[PDB]
RNA sequence: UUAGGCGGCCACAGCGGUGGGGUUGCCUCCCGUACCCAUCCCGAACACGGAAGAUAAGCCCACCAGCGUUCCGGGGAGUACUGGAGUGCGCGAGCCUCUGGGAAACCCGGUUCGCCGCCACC
RNA sequence: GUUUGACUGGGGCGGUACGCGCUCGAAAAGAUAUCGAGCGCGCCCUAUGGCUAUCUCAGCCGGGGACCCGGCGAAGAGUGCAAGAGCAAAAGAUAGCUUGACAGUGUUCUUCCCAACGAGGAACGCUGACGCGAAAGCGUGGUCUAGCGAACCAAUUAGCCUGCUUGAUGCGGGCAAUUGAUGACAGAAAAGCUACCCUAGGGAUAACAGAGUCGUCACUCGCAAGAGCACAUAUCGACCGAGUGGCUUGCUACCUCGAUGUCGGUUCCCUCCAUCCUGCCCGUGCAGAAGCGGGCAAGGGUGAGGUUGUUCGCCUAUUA
RNA sequence: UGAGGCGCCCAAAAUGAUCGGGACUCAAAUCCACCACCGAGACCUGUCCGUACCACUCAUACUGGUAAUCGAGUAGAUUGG
RNA sequence: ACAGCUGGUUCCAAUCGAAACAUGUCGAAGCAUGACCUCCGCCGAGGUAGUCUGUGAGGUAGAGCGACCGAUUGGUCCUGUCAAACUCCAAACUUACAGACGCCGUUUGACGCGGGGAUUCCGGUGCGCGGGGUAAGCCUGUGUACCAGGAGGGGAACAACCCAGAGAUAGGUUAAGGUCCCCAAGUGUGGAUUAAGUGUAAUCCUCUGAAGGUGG
Ligand SMILES: [Cl-]
Ligand SMILES: [Cl-]
Ligand SMILES: [Cl-]
Ligand SMILES: [Cl-]
Ligand SMILES: [Cl-]
Ligand SMILES: [Cl-]
Ligand SMILES: [K+]
Ligand SMILES: [Mg+2]
Ligand SMILES: [Mg+2]
Ligand SMILES: [Mg+2]
Ligand SMILES: [Mg+2]
Ligand SMILES: [Mg+2]
Ligand SMILES: [Mg+2]
Ligand SMILES: [Mg+2]
Ligand SMILES: [Mg+2]
Ligand SMILES: [Mg+2]
Ligand SMILES: [Mg+2]
Ligand SMILES: [Mg+2]
Ligand SMILES: [Mg+2]
Ligand SMILES: [Mg+2]
Ligand SMILES: [Mg+2]
Ligand SMILES: [Mg+2]
Ligand SMILES: [Mg+2]
Ligand SMILES: [Mg+2]
Ligand SMILES: [Mg+2]
Ligand SMILES: [Mg+2]
Ligand SMILES: [Mg+2]
Ligand SMILES: [Mg+2]
Ligand SMILES: [Mg+2]
Ligand SMILES: [Mg+2]
Ligand SMILES: [Mg+2]
Ligand SMILES: [Mg+2]
Ligand SMILES: [Mg+2]
Ligand SMILES: [Mg+2]
Ligand SMILES: [Mg+2]
Ligand SMILES: [Mg+2]
Ligand code: NA
Ligand code: NA
Ligand code: NA
Ligand code: NA
Ligand code: NA
Ligand code: NA
Ligand code: NA
Ligand code: NA
Ligand code: NA
Ligand code: NA
Ligand code: NA
Ligand code: NA
Ligand code: NA
Ligand code: NA
Ligand code: NA
Ligand code: NA
Ligand code: NA
Ligand code: NA
Ligand code: NA
Ligand code: NA
Ligand code: NA
Ligand code: NA
Ligand code: NA
Ligand code: NA
């Protein structure tokens, strides 16, 4: 920018999207990466492999196409993340993928976070992934209990119209239950 | 195809330059060989440029020299029309000459020594301390230029 | 040379042009080679590890197995046969 | 000491003051002479051209310059002309002043390297070439044979 | 330099990490009954005594660390490579 | 790819600037702290929960060359330098011819305001 | 009785280019010398090691050279110490935790390019045990290249082997390894004089002569500032520049060490010219006389004495 | 007034001057071209010798064949006499 | 007596044919180990002194510095300069590997493996590139060819400059160099310059001739 000697960062470093020091370490395993990413409204999970001209995604799941299986609730929460992980994990298995390492990008390794919920889901789908059980949420929160109880302190529906007034961690079970047998695209 | 004649001796010449002439089958002064005009051969002649005389000879000249100084791979046998006919694919010296010039074959392929052992130039050459453009005898020659040299060394 | 360490006279060969400065891309540090493949040796100024003695910069050897994540490349120094332990970060496929 | 000792450019360039100390100051008094307030807005421009690469000690530069400018006072102390010596003595020179043992010399001076055909001096004059004479005197005190060249001046 | 008196590290006997205690090797006293001692007495006579007429070498500017690492549970010590240190003081 | 995610090459992609775009696939900003989590002090950030509002930032789309960069034409320049050769020149420094290569600065005019891969998606 | 080292533009004195690292020399692969240029290492550090979390620095600007806020800011900060190199969601800073600065054993490169050679060093593994991290992973000390030491002997560490017919005890001998120094650093335990000297050799190497060089020395030329009451050039003549000689001095180490007899003097012969006198001339700040300066010119001449071995030089009276 | 070619001044050394010498001037000098010659053990060519290799052979005895790609050599290694 | 020091060591021929360097050494007038020379046995199909092309390595020459760095002018942006230990640039060239052609090897066995025997570790010169030095027939590197150990032809003579690498003998033609005589071959041809005997002198310790000047 300033001159011939000026050093311009790699594009994905400029965009503040890729941590290359963490990426290298991730690629050391020689295993596919379970890419856990979030959005204000959604949660994405991809199983990416290395390629000659860039990464290759062999399987993925988005919290949006969760409804495609009976999801009638918001998609930017814990129960959402888990299911998206399980969904991607199952598709992963179908694709012949057996193991992966969790890549949480620029997110933080906070215990009980959504990226770890995604990791929990993928593991239950059958994917073998290096993990640590006591850094994951305590199931109930994954189910969405923390939000149901939060609505107990109601007075006004936590959900604007949406579905239910007291919410449903039960809707969570019905869905997980669903994903664990048959159905299309899995 | 160019005619190569060593005009300068081995004493004091670079070794890598000497080995080049040797890979072109010339091991003595006044020895001549015929070389196809290829990239590989071109570089070799450029490296040897300062101790040799080279250029494309005329059909006639080649025939005179072939008849006069060509030899079998082994032996004294004169390489005349009959020899050429009874030993090669061609029917006479002219036919062989043309094939060489059109780079369709080689002296070896036709059972002939790759070297034409020439005679010193009758009347003397133009000197081995300067190139043609300076009046000397070294370097690339005219077809008329090569012919004169080759004929004087017939 | 006034000294005889490994980095003697390596000022140029182990220095990056100002623009190639900074952490190198991970892609080539994870590249995988097969036994028999021809690889060019060239230290990447930005990568500390998996290096080899600077004298061999420019060599082109034959991968013949590996040790840990590093590769074992066979070269010929002058007339002598040598084996070099080197990582992908400093190797490139020939051709 | 004779110029014979330093006029040739056969030695490596030796100008890095970060590794060389005790360098004698230069004897060259000025590089811009005459009306330096004005810019080359003159009709005629003559140049003294060196005809052989050589080293010119700051000694010779000063004497050459003085002999030329001191003479350009055929025009007056505040005359209308500007004189320029474009070279600077960057090359540090030594002398081995023990015999050939530990002979790396000690710094004794400086010289300017001029390649054949460069102009060492450039004067700017109105049709009043007294400068041509100032230079006959200048190339008199520098080693090489020289060419007195006139550029803007078809007023012959 | 400084060095902790106790610290966790590998015990080659126990074959597992444990707290070790570090101590400078105190010189052991000679008995004067080794073979070399008998050779000195035997071979010393009239005139020069060859090797036994030599005297104490000298000193290197800095000596290497001379320590004992004692396992805190099995009580067995082990030795390690030393490193040059002008001074070595223990912490606690 | 009517806006996404992971990337490869790592400025042809940088710097700066103009215009356009969203009841929704969307991304954001945004709203908000019972929870998981969090600030050596701050729900700023990180984390979690969520849509009342917005397209003003970001982002995506279209474009501008003033600076930086890449490549190209013409000029500089077959100049500077140089591998091989010479009973060529020069007091010498050094130069010249033949042969095989061949630049940098700079000027003028074009190019460049990224290209490509995998996945997902009215 | 012995030792008292080597290197070295002879040797000695001085120095260490005697073990190591960096830039340059080094001729764009690698290798490369000199008493080559610039300059370092013989340690320091329990954190200044290791990992993780959080974070981004110099410098400048604007608002209240400490501190606080914002902005610009690819790196000029910092990273123990030479030099060069590496590094920015870090290899730097802050915080916390930890002891991988771990035991064992290897592969490979280096040391020693090519191409054999030890100690030492490094890179990269494995086996075992650990630290931290969600995890991939990182940790075989410090971002990389200096910080190092044989055999014999001793001390030390853990287990085991072994000592002469045999048992017990004592005290020995050994396998693996750590520490103790040899810096002349691939390791002797070590001061000088010789003119009273001796031998082997060397022109592999100095003194003298020769030879090469010419910085030094001698002489000349170009330019001509300047002064010379005015006037560069009657005369003197700086600076700078270009040369000639081979008388001095220095350098080099080609020639001679199975010897080319030293300095000074003397005697006797030949020569050179850059001419002191003499001949013939030019200029003059040439009235004359006496000079000053210059040109041609080597035929002839250039002498006697006082001090000093002196060469040189000082001094006296004569002299064209 | 610009450029070029050759020459001139600058230009002093020791037993007898020199371009090897004599001597040379529209050259026997110099530069641009050109013509014809002389001149090695090189190159071409006849015969022979050695060495290596090939065919035949018990043979390293004969005989025939190949060498453009064999023929110099201090120290030294090897081998026949 | 011992010496790492000087001297000497006696018949013929054929094949190959060095090293004057690197590491260690009380080592530098010596050794050992490598390099290099040679001999023997083994292996069995490739090898690579040259060139071309492809895939790589590189910061010397040059150049430049409103690209770092550090030097280095002046004026009220402009203007004057540089670098062995500077680099936004950047050759020629050297170099790793591979393919192609060439050459070479498979009865002349290459490439390579194992073993026996050395000699050698004072080198020198030219050219190119160097570093030191006023310079040197100087010192000390480097690449190459030569002398050493290389005849014969030329250069007046003359280790390394030119031609040229050489079995014997014979005929012939050239090379470098030369053709007025000495001295083999031209008092050759077309044209021009020079009046100084310039000159009749490639290279060189060796052949000088400079700055400056010239209405020759
Ligand atoms: Cl994300
Ligand atoms: Cl290595
Ligand atoms: Cl201790
Ligand atoms: Cl015989
Ligand atoms: Cl030969
Ligand atoms: Cl005469
Ligand atoms: K003597
Ligand atoms: Mg034949
Ligand atoms: Mg003839
Ligand atoms: Mg001729
Ligand atoms: Mg005693
Ligand atoms: Mg907008
Ligand atoms: Mg004795
Ligand atoms: Mg004594
Ligand atoms: Mg000595
Ligand atoms: Mg190199
Ligand atoms: Mg490290
Ligand atoms: Mg001892
Ligand atoms: Mg001890
Ligand atoms: Mg030693
Ligand atoms: Mg050593
Ligand atoms: Mg004696
Ligand atoms: Mg001598
Ligand atoms: Mg005598
Ligand atoms: Mg006279
Ligand atoms: Mg006389
Ligand atoms: Mg022979
Ligand atoms: Mg014999
Ligand atoms: Mg014989
Ligand atoms: Mg370099
Ligand atoms: Mg340069
Ligand atoms: Mg090179
Ligand atoms: Mg000899
Ligand atoms: Mg005659
Ligand atoms: Mg003459
Ligand atoms: Mg000459
Ligand atoms: Na990089
Ligand atoms: Na001295
Ligand atoms: Na001059
Ligand atoms: Na006894
Ligand atoms: Na605090
Ligand atoms: Na927007
Ligand atoms: Na000693
Ligand atoms: Na070792
Ligand atoms: Na002298
Ligand atoms: Na002189
Ligand atoms: Na004698
Ligand atoms: Na005398
Ligand atoms: Na006289
Ligand atoms: Na006297
Ligand atoms: Na012999
Ligand atoms: Na002795
Ligand atoms: Na030697
Ligand atoms: Na030695
Ligand atoms: Na000796
Ligand atoms: Na081939
Ligand atoms: Na040059
Ligand atoms: Na030879
Ligand atoms: Na001769
Ligand atoms: Na004459």
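Residue numbering: from 1, along the chain as shown.
Per the header: X-ray crystallography, 2.4 Å.
Using N, Cα and C of the backbone, Cβ positions are placed for all residues, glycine too.
Annotated Zn(2+) binding site per Swiss-Prot: E:11, E:14, E:71, E:74, in sequence order. Per Swiss-Prot, zinc finger is recorded for E:11-74. Annotated region 'Disordered' per Swiss-Prot: E:22-63, in sequence order.
Each residue in E:12, E:13, E:15, E:16, E:18, E:20, E:72, E:73, E:75, E:76 lies on the same chain as E:11, E:14, E:71, E:74 and has a C-beta within 8 Å of the C-beta centroid of that Zn(2+) site, without being one of the site residues. Once Cβ contacts within 10 Å are tallied over all protein chains shown, the binding-site residues E:14, E:71, E:74 are led by E:71. Taken through DSSP, the zinc finger (E:11-74) splits into 13 helix, 16 strand, 35 coil. Take the CB of residue E:11 (Zn(2+) binding site) and look out to 10 A: across all protein chains shown you find 21 other CB atoms.
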